[PDB]
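Take a look at this one chain, the form deposited in one PDB entry, written out in structure tokens.
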């Protein structure tokens, strides 16, 4: 037995860890892809549950969704069981976190470029919600850029907490509102740069509890009302993905 992945791609490196994610140039077409290797569940309703998802995911086409290419199953003989591969468009190694941690002044955070980036993330989330799907992984380490500076939501589907909503932590991610919450923090962190890791944690932890820096509440007064809405502590209160994109602040960017 020889595995499909090993014959057809020469691996470059590992990009992710949690399933594993590799970089690998396909030999036929000579382009480098992001490849997610999941070890599958051993049960026969846990297997089939997943395989109904890869079917629904592979149908997704949107500008904020990393471009899909292929999926295939393998089952090799271990030396001492059944891995699923997903070939996805490779993305720039510099994610949203990197981008933010490299621009720490109000000046390097232009109000125009920031709202632009955020809208794309919001529009991608609108799409997924309208398809009856939810992200549940919105956070800067997992918001990406394409070679051509297009923003993409990161990995989701196929089954830190500072960007998780409360219910998500102690509950069952119950509603698609958990994504509205995540967007709130992300919008703030874009418009209010940090100096130190401590500052970031202390201030986000506070903004989870609606304790905002007054300098922010002054500087961006509209944005403040949005981030408040998006954080409304009773889930059912928060806006819908659609409502956020239709907010006045997004007009003639």
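Definition used throughout: the rigid core is the maximal C-alpha set that superposes within 1.5 Å between two forms. Residues that one form lacks are left out of the comparison. Numbering follows the first chain given and starts at 1.
According to the PDB entry, the deposited sequence contains 10 or more residues between residue 159 and residue 160 that lack coordinates.
Counting the deposited residues that fall between residue 80 and residue 81 and carry no coordinates gives a value of 4 to 9. In this crystal structure, the stretch out of 110-118 and 91-99 whose C-alpha atoms carry the higher mean B factor is 110-118.
As the entry records it, the average C-alpha temperature factor is higher for 165-173, out of 165-173 and 149-157. Highest CA B-factor among the listed residues (12, 231, 245, 15): 245.
Taking only the listed residues 197, 203, 26, 70, the entry reports the highest CA temperature factor at 197. Sort the chain's modelled residues by C-alpha temperature factor and residue 61 lands in the lowest third, per the entry.
In the PDB entry, residue 213 places in the highest third of its chain by CA B-factor. Among the modelled residues of its chain, residue 227 has a C-alpha B-factor that falls in the middle third, as given in the PDB entry.
Annotation for residue 184: CA B-factor lies in the lowest third of the chain's modelled residues. Sort the modelled residues of the chain by CA B factor and residue 52 lands in the middle third.
We do not show the form deposited in another entry, though everything after this point is about it.
Core superposition between the shown form and the other one leaves every listed residue (204, 225, 50, 210) with a C-alpha shift below 2 angstroms except 50.
After superposition on the rigid core, the Cα of residue 41 moves by 2 Å or more between the shown form and the other one. Remark: 40-56, 156-159 are the runs between the shown form and the other one in which three or more consecutive shared residues have Cα displacements of 2 Å or more on core superposition.
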